[PDB]
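Novice: Right, I'll just put the structure down here and ask away after.
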Amino acid sequence: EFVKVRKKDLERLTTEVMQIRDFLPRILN
Amino acid sequence: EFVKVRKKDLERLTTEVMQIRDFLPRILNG
Amino acid sequence: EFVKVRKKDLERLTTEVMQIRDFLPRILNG
Amino acid sequence: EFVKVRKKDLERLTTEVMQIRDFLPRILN
């Protein structure tokens with residue numbers, strides 16, 4: 001099965017994930 | 001614009017997001 | 001081992017996690 | 001205020017975040 005997903009929603013989610021990915025190192029150190 | 005995503009990939013993504021979500025009590029409880 | 005984290009950083013982290021969590025309906029609804 | 005957080009919990013969360021960060025590009029393309 002395939003689901004249509006808005007490209008801009010995946011891009012916004014990617015940005016949010018990237019933001020957490022770059023924030024956690026600061027917390028860990 | 002829409003991207004055609006495999007339902008199994010969205011199911012994996014959902015599960016990964018839920019695992020992060022359900023880490024919050026452990027992180028916040030001290 | 002424990003890391004001393006600023007409460008404001010955990011609050012930011014929590015909010016970031018919740019934003020990702022609350023994206024799931026939009027991603028899954030088609 | 002400071003909160004004590006288990007280092008291994010932040011490391012596990014980092015791993016989970018990194019896994020999503022590397023998975024979303026595959027979905028987006």
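Every chain in the structure tokens has a letter given in the order shown (A, B, ...), and although residue numbers restart at 1 in each chain, ligands are simply numbered from 1 in the order shown.
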List the neighbours of residue 14 (chain B) out to 12 Å using only C-alpha atoms; skip same-chain residues closer than 2 positions along the sequence, and give me the result as a ChimeraX atom specification.

Specialist: /B:7-12,16-21 /C:20-28 /D:20,23-24

Novice: At a cut-off of 6 Å, can you tabulate as CSV every residue of chain B near chain A together with its closest atom pair and the distance in Å to one decimal, using only C-alpha atoms and ordering rows by chain then number?

Specialist:
residue,atom,partner,partner_atom,distance
B:1,CA,A:7,CA,5.8
B:2,CA,A:6,CA,4.4
B:3,CA,A:5,CA,5.3
B:4,CA,A:4,CA,4.7
B:5,CA,A:2,CA,5.2
B:6,CA,A:2,CA,4.5
B:7,CA,A:2,CA,5.4

Novice: Restricted to C-alpha atoms, what would the selected residues look like written as an mmCIF file, in the first residue's frame?

Specialist:
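And here is the file that came out, again14.cif:
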data_model
loop_
_atom_site.group_PDB
_atom_site.id
_atom_site.type_symbol
_atom_site.label_atom_id
_atom_site.label_comp_id
_atom_site.auth_asym_id
_atom_site.auth_seq_id
_atom_site.Cartn_x
_atom_site.Cartn_y
_atom_site.Cartn_z
ATOM 1 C CA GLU B 1 2.895 18.240 -4.072
ATOM 2 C CA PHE B 2 2.563 14.756 -2.612
ATOM 3 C CA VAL B 3 5.116 11.946 -2.194
ATOM 4 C CA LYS B 4 3.896 8.329 -2.466
ATOM 5 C CA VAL B 5 5.119 6.611 0.692
ATOM 6 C CA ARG B 6 4.936 2.916 1.454
ATOM 7 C CA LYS B 7 2.466 2.323 4.320
#

Novice: Among chain D, which residues carry a DSSP assignment of strand (DSSP E), reported as a PyMOL selection string?

Specialist: chain D and resi 2-6

Novice: Print the selection's residues with C-alpha atoms to a file, as a compact mmCIF listing (two decimals), in the first residue's frame.

Specialist:
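Saved file out_18.txt follows:
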# COMPACT_ATOMS: atom_id res chain seq x y z
CA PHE D 2 18.79 21.50 36.96
CA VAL D 3 17.35 18.01 36.54
CA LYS D 4 19.46 14.85 36.75
CA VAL D 5 19.01 12.78 33.60
CA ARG D 6 20.51 9.32 33.05
